[PDB]
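Asker: Before anything else, here's the structure in question.
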Amino acid sequence: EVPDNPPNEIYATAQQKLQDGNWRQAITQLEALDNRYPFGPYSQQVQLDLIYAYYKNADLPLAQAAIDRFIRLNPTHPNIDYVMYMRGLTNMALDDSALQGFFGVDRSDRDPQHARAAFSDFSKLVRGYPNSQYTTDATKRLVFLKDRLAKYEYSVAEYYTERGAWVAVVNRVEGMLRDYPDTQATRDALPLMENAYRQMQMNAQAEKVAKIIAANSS
Amino acid sequence: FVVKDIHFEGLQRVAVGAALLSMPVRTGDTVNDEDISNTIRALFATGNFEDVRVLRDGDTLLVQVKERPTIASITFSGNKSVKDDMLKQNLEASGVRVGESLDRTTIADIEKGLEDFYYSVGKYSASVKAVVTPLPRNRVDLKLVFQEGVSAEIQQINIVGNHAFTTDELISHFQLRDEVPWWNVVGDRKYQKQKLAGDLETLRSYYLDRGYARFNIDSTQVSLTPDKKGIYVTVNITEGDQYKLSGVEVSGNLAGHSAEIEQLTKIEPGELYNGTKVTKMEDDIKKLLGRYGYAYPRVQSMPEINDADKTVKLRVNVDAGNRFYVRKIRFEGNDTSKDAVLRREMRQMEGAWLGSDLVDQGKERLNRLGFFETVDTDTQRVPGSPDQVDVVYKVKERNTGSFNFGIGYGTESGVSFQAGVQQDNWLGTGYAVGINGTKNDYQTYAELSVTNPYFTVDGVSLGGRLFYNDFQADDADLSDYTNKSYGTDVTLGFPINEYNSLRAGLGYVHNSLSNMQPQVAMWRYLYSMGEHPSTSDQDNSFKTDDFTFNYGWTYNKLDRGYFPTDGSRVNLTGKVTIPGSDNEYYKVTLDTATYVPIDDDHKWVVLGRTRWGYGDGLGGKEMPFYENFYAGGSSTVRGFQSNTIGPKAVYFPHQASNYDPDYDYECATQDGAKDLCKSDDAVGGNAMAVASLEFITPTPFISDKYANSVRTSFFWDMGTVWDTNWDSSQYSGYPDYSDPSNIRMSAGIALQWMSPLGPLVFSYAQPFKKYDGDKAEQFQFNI
Amino acid sequence: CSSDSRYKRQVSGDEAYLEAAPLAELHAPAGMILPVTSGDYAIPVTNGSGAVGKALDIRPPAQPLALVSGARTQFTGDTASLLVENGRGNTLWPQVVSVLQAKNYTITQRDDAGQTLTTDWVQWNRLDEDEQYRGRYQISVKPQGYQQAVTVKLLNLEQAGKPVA
Amino acid sequence: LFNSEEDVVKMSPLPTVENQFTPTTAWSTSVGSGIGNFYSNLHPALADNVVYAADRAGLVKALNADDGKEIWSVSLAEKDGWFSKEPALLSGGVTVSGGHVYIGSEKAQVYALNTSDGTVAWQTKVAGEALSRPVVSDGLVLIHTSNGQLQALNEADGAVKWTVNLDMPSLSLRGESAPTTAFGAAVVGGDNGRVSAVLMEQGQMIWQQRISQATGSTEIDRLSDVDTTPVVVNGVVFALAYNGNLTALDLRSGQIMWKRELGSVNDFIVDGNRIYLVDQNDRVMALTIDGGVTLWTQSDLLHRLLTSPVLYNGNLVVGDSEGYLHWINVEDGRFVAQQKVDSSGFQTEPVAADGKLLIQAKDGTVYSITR
Amino acid sequence: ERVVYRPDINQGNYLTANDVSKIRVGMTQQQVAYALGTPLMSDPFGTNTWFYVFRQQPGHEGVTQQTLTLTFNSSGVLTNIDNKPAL
């Protein structure tokens with residue numbers, strides 16, 4: 001459907017479709033551009049444009065793929081900070097995007113698959129690019145995400161608590177702790193563990209936890 | 001010389017600097033005449049230069065290069081059922097694709113590869129042709145012609161070295177098809193070496209399980225007949241002879257469960273050796289031990305064959321391993337629903353011995369769940385420990401819920417519409433939802449129904465249903481049978497077993513009737529009620545408030561909770577009124593859903609569906625006529641119209657309704673149709689007995705990818721509704737529905753389409769067995 | 001495509017990752033040392049950098065087009081790279097003069113002695129972004145020989161009159 | 001639907017029908033199918049006015065070459081087995097020597113029948129069915145099987161003298177690799193593209209030479225119907241490679257005198273210095289024997305499903321699966337006579353022998369042809 | 001409460017009497033591990049104690065139990081076999 005024009009012109013046409021906001025059309029041109037002129041100097045930009053447009057068009061699987069290519073086509077590049085950011089952003093959105101949030105319905109009880117991927121993505125960003133233009137935001141994302149991750153795992157511990165799987169409860173709380181000692185969910189998980197110890201006639205071990213709770217009683 | 005500089009001509013796909021680096025004679029680098037030649041071939045070696053002409057102005061190099069790129073496109077034409085991409089994959093395998101250079105001298109090789117492709121396809125009479133169209137700069141459009149002449153055909157498998165079996169009987173168990181009758185079209189006669197491989201092993205197993213411990217295959221040579229199609233097959237085997245299993249010599253780490261293993265290996269000495277039995281037993285042991293905690297129980301049989309008498313001592317080596325691998329579990333693909341909903345369905349728990357059966361049990365439960373499309377998992381051993389295996393239950397989630405409604409006639413009439421939508425695990429919250437209604441200028445109706453299947457851990461299926469039927473038969477407000485019906489219906493589902501569950505709860509029904517219709521069924525009920533309605537008038541009213549007890553029980557051992565293929569469900573549900581009602585009566589019913597896969601892969605499935613029921617009074621009382629049994633149009637019955645199956649209301653010589661539009665809505669009335677005008681109003685019965693014979697069939701047009709969510713089915717359906725209190729002496733001039741011999745019958749096809757709002761079943765049926773007053777419609781469309 | 005007014009420079013949904021509170025690190029009592037550093041939470045802590053949420057552009061990063069043959073297309077810092085491999089060290093300078101007037105740019109100063117120039121702000125924009133801009137540039141042609149480097153240096157980004165710092 | 005989907009290539013039909021020597025049939029005493037559409041090496045033989053005819057699934061006929069009169073008839077259908085009358089299902093052509101008629105079956109059986117009545121003189125199982133007609137001579141039955149084996153049997157009982165693994169290809173590449181004899185050596189091609197000489201006396205390989213490419217990675221013409229049975233002329237062997245490439249070589253060394261490795265010739269005969277052949281494209285051509293130099297050619301019957309070429313009554317004779325018979329002027333090079341004797345179709349060898357011309361169709365099987 | 005049906009609750013992670021006899025105080029974690037591997041629980045911040053406890057509910061009839069822990073010192077040497085039973 002795309003007419004063959006100079007790669008600069010096709011690119012510009014894609015920009016015009018981005019101007020329209022019709023991401024689908026912009027993408028159509030961008031893809032055609034790399035399919036007509038894959039060796040263009042700014043085919044890398046086309047991929048960046050696609051990462052952007054795919055995000056904008058909710059084509060997160062493709063944004064992801066574009067990023068994968070960018071990485072392999074440009075192992076080292078000034079714009080990686082963005083790419084890495086977007087990888088996390090993409091994966092984050094890929095993990096959580098259901099309209100249920102509108103109704104006050106939480107998603108922390110869904111397995112943070114792509115969110116964990118995004119965790120890594122962003123952690124790579126903030127470490128590799130310690131002060132890039134996307135790092136502050138990404139850092140915040142790592143913090144909140146960790147909390148989400150905890151909420152999920154916390155909920156899991158609650159399930160086992162409800163079930164009566166005291167061993168699992170302890171191990172799940174412990175897992176949270178091993179991962180990190182900081183979310184509120186961690187603070188809440190802490191007594192779930194204690195409870196399980198009493199349920200296992202491990203009162204002494206429960207007391208150990210109680211002492212920890214006392215130290216963290218605020 | 002020494003190159004002064006380089007006139008970089010012929011680039012496009014290749015950068016100036018890239019060419020410089022490719023050249024042996026980069027600017028400033030000494031140039032021999034041999035280096036000019038070296039440069040020419042070095043530039044050719046880039047694979048992007050159609051021509052290379054390295055020259056120089058004294059010592060300043062210039063190179064008149066012609067580029068051979070860039071593949072702008074590739075066209076596939078004549079490839080028929082062969083996916084262009086597949087063809088492209090081979091093209092790509094040769095380094096050719098969009099963005100690559102076009103080395104035209106390799107076209108013959110490409111074409112060969114494409115014809116070799118066809119060769120492997122089971123075709124070969126085919127030839128291809130690359131066509132190159134030029135594009136601005138250097139670019140090309142690689143059009144590919146695929147002259148598919150004709151596929152090969154399986155002609156005749158010739159087995160030699162055999163001694164006891166018919167070549168043909170062996171063929172009848174083979175995937176290959178060297179003959180397909182029109183009256184027995186069980187496949188197409190097309191050769192594939194993969195089918196052959198399977199058949200060789202089929203053959204092997206054929207003898208294996210017949211005692212042939214020494215059976216083997218020598219070799220095989222498939223006949224390549226002069227015409228690219230005559231496929232015949234030379235099979236060379238050694239029958240071996242029917243050795244007898246004389247014993248089992250199981251040993252090794254039998255985990256202290258050797259007794260159970262002995263039970264598994266209870267074979268008969270002198271039994272024809274059966275290697276598939278052996279295979280089975282090996283796996284039985286693995287499963288046995290899996291039950292006992294052993295995730296990794298190596299089992300290795302060894303037929304100690306005795307050729308001196310043609311018997312065998314099946315030695316078995318076992319290494320059970322550890323018992324306690326169950327560390328933690330995971331779920332995957334649960335991003336549309338609360339994970340705890342899945343967790344509660346696992347019988348296998350964490351910090352545990354492996355209960356491989358519990359794992360499977362949980363998956364069964366998850367399979368029966370209905371909020372998922374597929375069930376799978378991943379028993380991933382945690383590295384570093386025999387006590388640590390994590391199991392990831394990766395599943396495919398299902399979109400649930402369903403909105404539907406009927407509408408018309410409206411526009412020039414009082415605005416009307418129907419409502420009705422299910423959420424089925426509303427937003428992944430675990431709540432089952434089915435809420436509906438309809439606002440009409442005849443009646444307005446509301447209904448709520450929400451269930452929390454696990455209000456508490458145990459499975460407290462907290463189900464509540466509310467309803468409000470503002471029904472007035474509003475052709476005025478009353479006179480034509482007003483009947484508001486509203487109330488409460490709240491029950492609890494109970495955990496009884498893995499397949500068992502109960503139902504119990506209470507009903508509240510407040511009905512408000514006014515100026516009801518002159519008919520036998522209605523009046524008869526009211527006379528049972530101690531009421532005394534007029535046979536000629538619709539001047540009778542009736543308000544009632546009933547309190548009831550609802551109950552039931554379900555059996556559920558049937559595959560998928562939204563389109564199963566093997567198992568069966570039972571759904572007992574009935575009610576009985578309680579003190580405080582205005583009428584003591586009962587109504588008890590039961591539904592059956594049985595799936596017996598015809599095909600071993602469940603491609604075809606026997607579907608048995610029945611419904612049973614009966615309602616009556618508890619002593620001098622009676623179940624209301626408006627609670628009767630009805631059939632046709634929807635639900636399970638098709639071919640006949642909506643609720644037109646069952647007993648029909650008989651009207652009485654009506655004269656005054658308190659509203660009767662001059663000639664219209666005759667109900668045995670004044671304005672025409674006088675006397676006991678029996679109607680076609682299938683008022684329903686007090687007894688039900690129906691059955692459905694449906695057969696799942698596959699759809700050969702929809703890609704399997706989602707065809708497996710679609711269900712077509714052949715059927716033969718029939719059933720009856722009748723009134724055991726139908727006093728035929730009072731109905732002396734009418735039909736006799738006290739007799740169960742009222743079975744209606746239709747047949748044809750069901751068409752389940754899983755839309756965005758779930759499975760929508762459409763159907764065609766031929767209502768053959770029609771009775772008086774019945775209405776019908778061969779083409780029906782349901783949800 | 002179809003959206004509820006805007007969405008060119010922002011993230012979808014809310015800004016949950018900014019909206020969310022900081023975490024209540026645990027301070028276990030003496031002797032209670034747990035292996036709570038066993039996760040993969042390698043999160044560095046600093047004030048770097050850029051904006052956040054909607055304020056943070058998710059724009060596909062800059063990279064110019066091959067306006068001239070062999071151009072080393074890549075915007076970095078404030079400079080659009082467009083280096084060119086010709087045959088003589090005085091070809092880009094006259095090419096630039098032509099391009100400048102092809103583009104109709106107003107020039108503050110002309111380094112005709114060398115091969116550079118200083119321009120004023122020229123207005124430009126694109127509806128794929130929620131804002132409009134102006135750019136002041138320092139152009140520098142660097143006669144490396146057959147190759148001449150091309151520096152297009154954004155001396156100042158001005159948001160349609162608002163000098164961006 | 002699919003009938004229109006298949007891109008079937010059309011054959012050249014049949015330019016200049018002739019009757020210079022107005023061709024006809026001596027008789028059409030068919031007997032019946034026969035070959036049918038089952039590709040097979042089974043083909044007729046003829047000597048002493050005895051038509052050595054047989055169908056694939058059963059009957060064996062001796063017909064009188066004065067009219068086509070059944071002299072006698074028997075059947076190799078085995079009365080019992082895994083079904084009923086376990087049909088003859090013959091795999092190799094008809095060979096006759098002494099008082100015996102020799103035929104290899106698809107059940108790996110080698111039969112010897114009494115030429116005067118059909119009595120099973122003997123029958124013996126061998127290592128697989130044959131792609132080639134057995135060559136009986138000097139006390140031995142020389143056999144080439146589909147599983148690549150060279151076997152020699154005692155022509156008087158079937159006693160196995162030896163079994164030798166030959167030039168086995170990727171699968172059962174169809175073609176007759178019949179061993180021929182010369183000076184005590186057996187000469188045979190191979191379905192994988194090699195050719196060899198093997199001491200006929202003891203099955204002892206003399207030499208083996210690779211000639212050309214076969215199907216598998218160098219997939220050739222699965223359409224083609226060649227002839228890996230060599231024509232040994234003096235000290236030089238003239239033969240087609242499995243893929244129809246023509247080669248001449250030293251009978252006692254395997255050294256290539258010359259070759260036409262350039263296309264899958266289907267059928268050929270060596271008439272002194274005029275090798276008559278049926279190209280891959282079923283084109284008629286005559287070649288020299290000092291290098292395959294074209295003497296003449298004829299594409300009139302291009303792609304027609306031609307049989308092998310034989311000489312009879314001074315003309316080059318070839319039939320086809322369409323049921324047409326053709327007589328070509330031995331030199332240049334065109335029709336002399338043409339006769340559509342049937343439509344049943346010929347694939348078997350034409351038998352210009354015993355002063356006659358015996359041919360065998362798929363179902364119309366036996367015809368004696370004259371002019 | 002007054003209910004007969006109850007899904008059984010199990011567990012695992014435990015040592016049998018035979019497994020108990022396999023080891024003894026003074027053995028290292030590894031010496032134990034050589035046939036008893038690892039528990040699926042230890043002491044989050046104390047020492048090298050191994051926790052091998054069995055639990056299992058029998059349809060409202062109480063709960064079965066065998067809590068066994070193995071306290072090992074800082075060198076991984078077993079100091080105490082706490083083979084606690086039910087309750």
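Letters A, B, ... go to the chains of the structure tokens in the order shown; residues in each chain start at 1; ligands are counted from 1 in the same order.
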For chain C, list the residues within 7 Å of chain A, counting only C-alpha atoms, and write the list as a ChimeraX atom specification.
Answerer: /C:1,17-18,20,23-29,35-40,42-44,47-53,59-61,63,65-66,73,126-128
Asker: Could you work out which residues of chain E fall inside 12 Å of chain A? Count only C-alpha atoms, and format the result as a VMD selection string.
Answerer: chain E and resid 7 to 14 39 to 46 49 51 to 57 63 to 69 82 84 to 87
Asker: Restrict the distance test to only C-alpha atoms, flag each residue of chain D within 7 Å of chain B, and return the flagged residues as a count of residues only.
Answerer: 17
Asker: Using only C-alpha atoms, what table do you get, as a tab-separated table, when you list each residue of chain C with an atom no more than 9 Å from chain B, its nearest pair of atoms, and their distance in Å rounded to one decimal, rows by chain then rising number?
Answerer:
```
residue	atom	partner	partner_atom	distance
C:70	CA	B:15	CA	7.4
C:85	CA	B:16	CA	7.4
C:87	CA	B:7	CA	8.1
C:146	CA	B:5	CA	8.8
```
Asker: Counting only C-alpha atoms, collect the residues of chain B whose closest atom lies at most 6 Å from chain A, and write them out as a PyMOL selection string.
Answerer: chain B and resi 72+99+335+338-339+350
Asker: So the first atom is CA of residue 179 (chain D) and the second is CA of residue 135 (chain D); what is the distance between them in Å, to one decimal place?
Answerer: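 According to the coordinates, CA of residue 179 (chain D) and CA of residue 135 (chain D) are separated by 6.8 Å.
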Asker: How many Å separate CA of residue 159 (chain D) from CA of residue 310 (chain B)?
Answerer: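 Computed distance, CA of residue 159 (chain D) to CA of residue 310 (chain B), equals 29.0 Å.
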Asker: Of the candidates D:285, D:353, D:337, D:156, which shows the shortest atom-to-atom distance to residue 310 (chain D), using only C-alpha atoms?
Answerer: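 With only C-alpha atoms as the atom set, the closest residue is D:353.
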Asker: Please determine the contact residues of chain C with respect to chain E at a cut-off of 6 Å, counting only C-alpha atoms, and supply them as an MDAnalysis selection string.
Answerer: chainID C and resid 32:34
Asker: Quote the spacing between CA of residue 217 (chain D) and CA of residue 114 (chain B) in Å to one decimal place.
Answerer: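 CA of residue 114 (chain B) lies at a distance of 12.6 Å from CA of residue 217 (chain D).
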Asker: Using only C-alpha atoms, determine which residues lie at most 12 Å from residue 112 (chain C), disregarding the query and same-chain residues fewer than 6 positions distant; provide the list as a PyMOL selection string.
Answerer: chain C and resi 90+93-94+96-97+118+140-141
Asker: Could you please take those selected residues and save N, CA and C atoms as a compact mmCIF listing (two decimals), in the first residue's frame?
Answerer:
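Result written to part_34.txt:
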```txt
# COMPACT_ATOMS: atom_id res chain seq x y z
N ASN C 90 36.57 21.71 0.15
CA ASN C 90 35.83 22.95 0.00
C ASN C 90 34.60 22.72 -0.85
N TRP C 93 31.17 23.52 2.12
CA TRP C 93 30.89 24.91 2.43
C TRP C 93 29.96 25.59 1.43
N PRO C 94 30.14 25.38 0.11
CA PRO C 94 29.25 25.94 -0.90
C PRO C 94 27.95 25.15 -0.95
N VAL C 96 26.52 23.91 1.70
CA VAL C 96 25.83 24.50 2.83
C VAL C 96 25.23 25.83 2.48
N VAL C 97 25.98 26.69 1.80
CA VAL C 97 25.42 27.97 1.39
C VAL C 97 24.14 27.77 0.58
N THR C 118 26.87 31.48 11.85
CA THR C 118 25.96 31.57 12.98
C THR C 118 24.60 32.03 12.48
N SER C 140 29.10 24.28 11.26
CA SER C 140 30.54 24.19 11.07
C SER C 140 30.96 23.08 10.14
N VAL C 141 31.51 23.49 8.99
CA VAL C 141 32.05 22.55 8.03
C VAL C 141 33.53 22.38 8.32
```
Asker: So, counting only C-alpha atoms, which residue among B:378, B:723, B:345, B:480 is closest to chain E?
Answerer: B:345
Asker: Where does chain B meet chain E within 10 Å, residue by residue, with the nearest atom pair and distance in Å to one decimal for each, counting only C-alpha atoms, listed by chain and rising number, as JSON lines?
Answerer:
```
{"residue": "B:293", "atom": "CA", "partner": "E:12", "partner_atom": "CA", "distance": 9.1}
{"residue": "B:322", "atom": "CA", "partner": "E:36", "partner_atom": "CA", "distance": 8.7}
{"residue": "B:323", "atom": "CA", "partner": "E:12", "partner_atom": "CA", "distance": 8.8}
{"residue": "B:324", "atom": "CA", "partner": "E:13", "partner_atom": "CA", "distance": 6.0}
{"residue": "B:325", "atom": "CA", "partner": "E:13", "partner_atom": "CA", "distance": 8.5}
{"residue": "B:326", "atom": "CA", "partner": "E:12", "partner_atom": "CA", "distance": 8.4}
{"residue": "B:327", "atom": "CA", "partner": "E:40", "partner_atom": "CA", "distance": 6.8}
{"residue": "B:328", "atom": "CA", "partner": "E:40", "partner_atom": "CA", "distance": 9.6}
{"residue": "B:347", "atom": "CA", "partner": "E:9", "partner_atom": "CA", "distance": 8.5}
{"residue": "B:348", "atom": "CA", "partner": "E:10", "partner_atom": "CA", "distance": 8.6}
{"residue": "B:349", "atom": "CA", "partner": "E:11", "partner_atom": "CA", "distance": 6.7}
{"residue": "B:350", "atom": "CA", "partner": "E:11", "partner_atom": "CA", "distance": 7.0}
{"residue": "B:351", "atom": "CA", "partner": "E:13", "partner_atom": "CA", "distance": 5.7}
{"residue": "B:352", "atom": "CA", "partner": "E:12", "partner_atom": "CA", "distance": 3.9}
{"residue": "B:353", "atom": "CA", "partner": "E:12", "partner_atom": "CA", "distance": 4.8}
{"residue": "B:354", "atom": "CA", "partner": "E:12", "partner_atom": "CA", "distance": 8.4}
{"residue": "B:355", "atom": "CA", "partner": "E:12", "partner_atom": "CA", "distance": 9.9}
{"residue": "B:385", "atom": "CA", "partner": "E:37", "partner_atom": "CA", "distance": 7.3}
{"residue": "B:386", "atom": "CA", "partner": "E:37", "partner_atom": "CA", "distance": 6.9}
{"residue": "B:387", "atom": "CA", "partner": "E:38", "partner_atom": "CA", "distance": 6.4}
{"residue": "B:388", "atom": "CA", "partner": "E:40", "partner_atom": "CA", "distance": 7.8}
{"residue": "B:458", "atom": "CA", "partner": "E:6", "partner_atom": "CA", "distance": 8.0}
{"residue": "B:494", "atom": "CA", "partner": "E:5", "partner_atom": "CA", "distance": 9.6}
{"residue": "B:495", "atom": "CA", "partner": "E:5", "partner_atom": "CA", "distance": 7.5}
{"residue": "B:496", "atom": "CA", "partner": "E:5", "partner_atom": "CA", "distance": 6.1}
{"residue": "B:497", "atom": "CA", "partner": "E:5", "partner_atom": "CA", "distance": 7.6}
{"residue": "B:498", "atom": "CA", "partner": "E:7", "partner_atom": "CA", "distance": 8.5}
```
Asker: Output N, CA and C atoms for every residue in the selection just made, as a compact mmCIF listing (two decimals), in the first residue's frame.
Answerer:
```
# COMPACT_ATOMS: atom_id res chain seq x y z
N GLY B 293 6.17 -39.31 45.73
CA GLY B 293 7.14 -38.25 45.90
C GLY B 293 8.23 -38.26 44.87
N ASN B 322 14.64 -39.11 45.12
CA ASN B 322 14.18 -38.48 46.36
C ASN B 322 12.66 -38.43 46.36
N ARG B 323 12.04 -38.10 47.49
CA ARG B 323 10.58 -37.98 47.64
C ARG B 323 10.06 -36.56 47.77
N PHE B 324 10.89 -35.65 48.26
CA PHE B 324 10.37 -34.34 48.62
C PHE B 324 10.91 -33.23 47.79
N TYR B 325 10.38 -33.08 46.58
CA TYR B 325 10.86 -32.05 45.68
C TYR B 325 9.98 -30.84 45.64
N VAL B 326 8.82 -30.88 46.26
CA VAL B 326 7.95 -29.77 45.98
C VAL B 326 8.25 -28.58 46.81
N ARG B 327 9.04 -27.72 46.20
CA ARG B 327 9.43 -26.47 46.78
C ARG B 327 8.28 -25.48 46.71
N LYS B 328 8.25 -24.69 45.64
CA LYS B 328 7.19 -23.71 45.44
C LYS B 328 6.58 -23.83 44.06
N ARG B 347 -4.42 -29.19 44.28
CA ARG B 347 -4.40 -30.12 45.39
C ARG B 347 -2.97 -30.31 45.86
N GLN B 348 -2.03 -30.19 44.93
CA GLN B 348 -0.62 -30.22 45.27
C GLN B 348 -0.26 -28.95 46.01
N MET B 349 0.49 -29.09 47.09
CA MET B 349 0.88 -27.94 47.89
C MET B 349 2.39 -27.83 48.04
N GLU B 350 2.84 -26.70 48.58
CA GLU B 350 4.26 -26.38 48.72
C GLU B 350 4.89 -26.91 49.99
N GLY B 351 6.21 -27.18 49.92
CA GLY B 351 6.93 -27.74 51.06
C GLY B 351 6.50 -29.19 51.19
N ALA B 352 6.46 -29.89 50.08
CA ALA B 352 5.82 -31.17 50.10
C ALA B 352 6.47 -32.27 49.33
N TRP B 353 5.97 -33.46 49.59
CA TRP B 353 6.35 -34.58 48.79
C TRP B 353 5.68 -34.38 47.47
N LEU B 354 6.26 -34.90 46.42
CA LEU B 354 5.56 -34.81 45.16
C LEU B 354 4.37 -35.72 45.13
N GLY B 355 3.23 -35.14 44.86
CA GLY B 355 2.00 -35.87 44.69
C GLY B 355 1.64 -35.69 43.24
N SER B 385 19.50 -28.77 44.02
CA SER B 385 18.88 -29.62 45.04
C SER B 385 17.77 -30.57 44.59
N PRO B 386 17.85 -31.85 45.00
CA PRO B 386 16.90 -32.94 44.77
C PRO B 386 15.66 -32.77 45.64
N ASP B 387 15.66 -31.77 46.50
CA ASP B 387 14.51 -31.48 47.30
C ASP B 387 13.82 -30.24 46.77
N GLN B 388 14.31 -29.71 45.65
CA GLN B 388 13.74 -28.48 45.16
C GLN B 388 13.38 -28.48 43.70
N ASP B 458 -13.07 -23.00 51.86
CA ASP B 458 -13.68 -24.27 51.55
C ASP B 458 -14.45 -24.32 50.24
N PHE B 494 -21.96 -26.28 48.02
CA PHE B 494 -21.17 -26.93 49.05
C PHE B 494 -20.15 -27.88 48.46
N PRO B 495 -18.92 -27.88 48.99
CA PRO B 495 -17.83 -28.77 48.67
C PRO B 495 -18.15 -30.14 49.23
N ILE B 496 -18.37 -31.13 48.38
CA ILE B 496 -18.66 -32.47 48.87
C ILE B 496 -17.56 -33.43 48.55
N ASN B 497 -16.99 -33.28 47.37
CA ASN B 497 -15.90 -34.13 46.96
C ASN B 497 -15.20 -33.45 45.81
N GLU B 498 -14.25 -34.13 45.20
CA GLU B 498 -13.56 -33.58 44.06
C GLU B 498 -14.50 -33.40 42.90
```
Asker: Pick out each residue of region 104-194 of chain A that DSSP on the backbone tags as helix (DSSP H, G or I); I need them as a PyMOL selection string.
Answerer: chain A and resi 113-128+135-163+166-179+184-194
Asker: Please identify all polymer residues within 8 Å of residue 3 (chain B), counting only C-alpha atoms, omitting same-chain residues fewer than 4 positions from it, and present them as number ranges by chain.
Answerer: B: 25-31, 59-61
Asker: Residues of the last selection are to be written out with N, CA, C and O atoms, as a CSV table (one decimal), in the first residue's frame.
Answerer:
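Final output, saved to result_33.csv:
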```
chain,number,residue,atom,x,y,z
B,25,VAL,N,43.4,-2.0,-1.6
B,25,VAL,CA,44.0,-0.8,-2.0
B,25,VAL,C,43.4,0.5,-1.5
B,25,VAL,O,43.0,1.4,-2.3
B,26,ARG,N,43.2,0.6,-0.2
B,26,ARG,CA,42.6,1.8,0.4
B,26,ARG,C,43.5,3.0,0.2
B,26,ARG,O,44.7,2.8,0.0
B,27,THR,N,43.0,4.2,0.2
B,27,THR,CA,43.7,5.4,0.0
B,27,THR,C,45.0,5.5,0.9
B,27,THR,O,44.9,5.3,2.1
B,28,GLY,N,46.2,5.7,0.2
B,28,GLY,CA,47.5,5.7,0.9
B,28,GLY,C,48.2,4.3,0.9
B,28,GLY,O,49.4,4.3,1.2
B,29,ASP,N,47.5,3.3,0.5
B,29,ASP,CA,48.0,1.9,0.4
B,29,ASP,C,48.6,1.6,-1.0
B,29,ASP,O,47.9,1.7,-2.0
B,30,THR,N,49.9,1.2,-1.0
B,30,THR,CA,50.5,0.8,-2.3
B,30,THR,C,49.6,-0.1,-3.2
B,30,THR,O,49.0,-1.0,-2.7
B,31,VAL,N,49.7,0.2,-4.5
B,31,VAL,CA,48.9,-0.5,-5.5
B,31,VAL,C,49.7,-1.2,-6.6
B,31,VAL,O,50.2,-0.6,-7.5
B,59,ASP,N,47.9,6.9,-11.0
B,59,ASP,CA,48.0,6.3,-9.8
B,59,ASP,C,46.8,6.6,-8.9
B,59,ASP,O,46.7,6.1,-7.7
B,60,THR,N,45.8,7.4,-9.4
B,60,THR,CA,44.6,7.7,-8.6
B,60,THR,C,43.6,6.7,-9.0
B,60,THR,O,43.0,6.7,-10.1
B,61,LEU,N,43.2,5.8,-8.0
B,61,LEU,CA,42.3,4.8,-8.3
B,61,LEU,C,40.9,5.3,-8.5
B,61,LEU,O,40.4,6.2,-7.9
```
Asker: Residue 586 (chain B): which residues within 6 Å, counting only C-alpha atoms, same-chain residues fewer than 2 positions away excluded, as a list in words?
Answerer: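 Close residues of residue 586 (chain B): residues 575, 576, 615 and 616 of chain B.
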Asker: Any chance you can output those residues with C-alpha atoms as a PDB file, in the first residue's frame?
Answerer:
```pdb
ATOM      1  CA  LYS B 575     -37.228 -27.504  45.212  1.00  0.00           C
ATOM      2  CA  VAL B 576     -39.896 -27.981  47.740  1.00  0.00           C
ATOM      3  CA  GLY B 615     -43.505 -31.274  40.006  1.00  0.00           C
ATOM      4  CA  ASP B 616     -46.735 -31.612  41.931  1.00  0.00           C
TER       5      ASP B 616
END
```
